[PDB]
Structures are given as C-alpha cells and as structure tokens.
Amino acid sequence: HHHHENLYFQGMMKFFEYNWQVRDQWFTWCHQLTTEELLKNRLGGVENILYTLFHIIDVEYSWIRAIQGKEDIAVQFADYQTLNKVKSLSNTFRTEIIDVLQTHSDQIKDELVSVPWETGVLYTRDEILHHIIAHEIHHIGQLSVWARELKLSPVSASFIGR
C-alpha cells in the first residue's frame, strides 16, 4: 500500500531540487574560468571556487550516508582538482541521495542519526535536512561575491521562476 507524499516531505524536497538546479548553473558558469582561477585562494568560506563546490557535494553526501547509517569514507579534494571531476562527483552521488531521501520520507521526522565524526552525538533527520539545505545556499551565496570580484555576473539565487 502506497501513501500520498506528505506536505513536509514535498516542502523539503523543493529546496533540494532548487539547490541541485542552481548548482548545475554554477558548474556551467565555472566553464568560463581557467583551472587556476577556479583554484585561486580568496578570502571567505573554504577560499576557492572549486573547493567550495567540492565541499558542498562532500558535506551533502556525508550527511546522507549518516542518515543511511553507512560507514563514513571521506572523498579527498586532492583527487578532484578540475571542474569536470567535481561535476562528475556531483553526478555520482545524486541517485543515491535521491533514494535515501525517498526512503526517509515518512512522518517520523525526529528519527535519530548517529554522527560517525562526533562520538556520542545524535541529530534528527529533520535537523540534518535543514542543515544540508542551508549549507549549500550559504556557500553558493559566497560564490556570488567572488563572481562580482572576477567582474562576471553571478548565477541567480532566486527561488521563484524555475
């Protein structure tokens, strides 16, 4: 027996869909820069454009893996030093991320999740999902400043009109 998608889950998913679409637009935007430009350290967040994108991807997937209760296994930025490799990494985890989100879509939103990198700490599914959502929008906001510093128009962050 199947149930209709609950409103809470649809509202949370709209943020994910928004984030993923915006991210893809930043990947396209990054194509106009050299790998040196993409890797150049600047002030703010995790300091370079390419590592910011990697970091977003990394953190999102690490929390989704914690929700699944799988072993940590942290991908290393050293193995993803180009726009194409970071874009491929984003694609590699997407289907797993979607399946996990769908699998944890019920009304038991205070489901407890153990944090492999914090001994004796638990967060709820609800907390983690809010955190993941805010995390990407936050780092993407940082990219928009560096975009104007490079004298380039940023990708729009508007939720409406998508």
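Sequential numbering from 1, following the sequence displayed.
Q: May I ask you to compare 69 to 77 and 82 to 90 by their mean CA B factor in the entry and name the higher one?
A: Comparing averages over the C-alpha atoms only gives 69 to 77.
Q: Per the entry, which of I133, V59, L112, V115 tops the list for Cα B factor?
A: Of the options given, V115 has the highest CA B-factor in the PDB entry.
Q: Would you mind ranking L129 by its C-alpha B-factor against the rest of the chain and naming the third, lowest, middle or highest?
A: CA B-factor rank for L129: lowest third.
Q: Thinking about Cα B factors across the chain, which third does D106 belong to?
A: Its C-alpha B-factor belongs to the lowest third of this chain's values.
Q: Compare the C-alpha B factor of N48 with those of the other modelled residues in its chain, then answer lowest, middle or highest third.
A: It belongs to the middle third of the chain when residues are ordered by C-alpha B-factor.
Q: Taking only the Cα B-factors deposited for this chain, tell me whether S153 sits in the lowest, middle or highest third.
A: It falls in the top third of the chain.
Q: Ranked by Cα temperature factor within the chain, is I137 in the lowest third, the middle third or the highest third?
A: According to the entry, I137 has a C-alpha B-factor in the chain's lowest third.
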